[PDB]
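What follows is a short report on a single structure.
Here the Cβ is made from the backbone with ideal geometry for all residues, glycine too, and neighbour counts use every protein chain on show. Read-outs throughout are calculated quantities, based only on the coordinates presented, and are distinct from any laboratory measurement.
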């Protein structure tokens, strides 16, 4: 679940964990979120 | 929820939707599943 990973990342930021490490992990998270949305769209287009 | 996309992909396959398009989408779904597990592990390592 990507939403759970985003919540955990933001919790670590609130808690004062390494900003540099969090920025790198968030960039990866955001890329996966975009790929997930694209996959969802293609599955919808196929279904439709 | 990657599980929701996997369930939809499998349902489209059972229902006879384009096998060639489903094969391409399943390759990306599998890649996202791997990437999510890796990111989860990195977040756990940062938390720990």
- Message: Just to check your reading of the model, which residue among B:2, B:25 is closer than 18 Å to residue A:45 by Cβ, touching a residue at least 12 places away in the same chain (Cβ under 8 Å) and in contact with a helix residue (DSSP H, G or I) (Cβ under 9 Å, 6 or more places away or on another chain)?
- Response: B:25
- Can you tell me which residues in chain B are assigned to a helix (DSSP H, G or I), within 7 Å of chain A (Cβ to nearest Cβ) and more than 11 Å from the chain's Cα centre (by Cα)? B:12, B:21, B:39, B:40, B:42, B:43, B:46, B:47
